[PDB]
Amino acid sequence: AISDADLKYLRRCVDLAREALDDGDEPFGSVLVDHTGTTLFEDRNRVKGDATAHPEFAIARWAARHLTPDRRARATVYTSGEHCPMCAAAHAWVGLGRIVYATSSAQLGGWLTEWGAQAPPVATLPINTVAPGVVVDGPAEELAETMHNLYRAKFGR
């Protein structure tokens, strides 16, 4: 179950990943959405400061800065690509709720290997390995090609 509504948000994350790519950054987009449906915060990759400038992390801090603990747990975080261990840990520490992702990090690491790309210094661990009690849906089969192409644009070799 990835709902027709979820898809709407994952597509938006993909738009944001595109946006990041066009500005010279890595293609990752993420979106914070309250239990109501109102979209509270949108972000994308900004590595062109530290290599840690991931949207999913920036949401985690925004979630702590402006929401109450009860709100956070009722929120959902959509993302173009599955949270990396930094981002999943952060999500769990601030006690955010659901995660939905369009491609897995399994998908991504496979494709990097295909392109002979530098295997990242952080392991492509599933979210549930890092944050065991988070509810996780993903990946989305409809967006797999789209993301494969997006990732290729930045990591193909």
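Each residue number is its position in the shown sequence, starting from 1.
Figure legend: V47 is marked as unmodelled in at least a third of the other comparable entries of the protein.
The entry models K48 and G49 with a gap of 1 to 3 deposited residues left without coordinates. Looking at mean Cα B-factors across 121-129 and 36-44, the upper value is held by 36-44.
Among the modelled residues of its chain, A60 has a C-alpha B-factor that falls in the middle third, as given in the PDB entry. Annotation for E26: C-alpha temperature factor in the middle third relative to the rest of the modelled chain, per the entry. Sort the modelled residues of the chain by CA B factor and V136 lands in the middle third. Ranked against the other modelled residues of its chain, the C-alpha B-factor of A144 as given in the entry falls in the middle third. Compared with the other modelled residues of the chain, the Cα B-factor recorded for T103 ranks in the lowest third.
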